[PDB]
């Protein structure tokens, strides 16, 4: 497939969102939603286009064993790919979090993922307005916008599909999407 769709998850919400993205696209356009704990670095590296999802867990951390997840996740995956260059590749990110429960750390892990790929040369697309969210601080906010799609399936699950649909339309020119 042209676009690799990868996520990490501990209670399945990020997996559900990822599947809700893939259901919109055919198998030449997009890979099935793949948990990073099941992907090799070489397979991840094949894709010139990536859509990457993560929750924020612990407090402000990527999913993985150190944030008390059942299985390894993004925490243990990033070192496997940290020596790779993402220049010329296009990346869009989505984050899940709980803006009420974690008002000072909402979507922090989305910011960590953004930084990882930006520092390694990726072209990142898909920034998102902070309107309609209530929070105090987020490492995912850069220049007044979230660095990727912001979701909240604890407080705003009924907004997810509309948000995903609008975000996909926004990134469609960069990802060569037909909706």
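Residue numbers count along the first chain shown, from 1.
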Of 35 to 43 and 65 to 73, the one with larger mean CA B-factor: 65 to 73
Higher-scoring stretch by recorded Cα B factor average, 146 to 154 or 108 to 116: 108 to 116
From 48, 56, 127, 137, residue of greatest CA B-factor: 137
Lowest, middle or highest third - CA B-factor, residue 176: middle
Chain-wide C-alpha B factor ranking for residue 81, given as lowest, middle or highest third: middle
Within-chain third of residue 141 by Cα B-factor, per the entry: highest
